[PDB]
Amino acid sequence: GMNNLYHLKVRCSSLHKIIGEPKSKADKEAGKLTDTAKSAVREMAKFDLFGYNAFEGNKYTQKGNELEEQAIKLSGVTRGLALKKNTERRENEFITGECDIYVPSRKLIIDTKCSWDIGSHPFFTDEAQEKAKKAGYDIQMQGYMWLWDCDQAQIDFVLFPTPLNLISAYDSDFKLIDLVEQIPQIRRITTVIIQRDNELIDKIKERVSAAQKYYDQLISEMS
């Protein structure tokens, strides 16, 4: 009963953690979760039950927060559009999300990803595509397109110099600032276009639904 006050909605940014499918196609269709997915759902259960946050956040994520405004401005000038940070979190019965930029005029979501350094930044188009696949940003965009009724998403990978306050004793000013400022700004944005894929949105639904059932079972053990 207490456990009807616990209910899982998966953040769009965490959907890649639970989206994976069993290698067995019959188990995929039966809605069995992968070991990775279960491990992620346990972290979500332990956060909601105990307040323990597995991923605190660090200099990488703090850089994106500090440069968020600058990223959105670059997204805008690259497209000749006056863009603003979206400030609403939406949700449906499965997921919740707060996108960076919503452009209703083009049925378009834009998301800015502020790379840490030249090494991690995907300058090259194959590199950007893979990074979006490996990091799960493709699935994240499908979640935003679902919540915002959009037809496309564009992930703007952007490299700015690292703000001084985030460069630790062991980090390099030369690498994280000087070398970056030498590169023309137009070469430091790489965009990956993701088309809405309703079969993928249906997959998000199936996987999240299986995750919520597993989550409920976890909650019941602690009740």
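Just count from 1 along the sequence shown to find any residue number.
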On mean Cα temperature factor in this entry, is 132-140 or 116-124 the higher one? 132-140
Mind pulling up the entry and telling me whether 89-97 or 71-79 has the higher mean Cα temperature factor? 71-79
Looking at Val41, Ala54, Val180, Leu49, which has the biggest Cα B factor in the entry? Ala54
Taking the chain's C-alpha temperature factors as the reference, tell me which third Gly31 falls into: lowest, middle or highest. highest
Classify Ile186 as lowest, middle or highest third according to the C-alpha B-factor given in the PDB entry, relative to its own chain. middle
Split the chain's modelled residues into thirds by Cα B-factor; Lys175 lands in the lowest
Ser24: which third of its chain by C-alpha temperature factor? highest
Third of chain Cα B-factors occupied by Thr162: middle
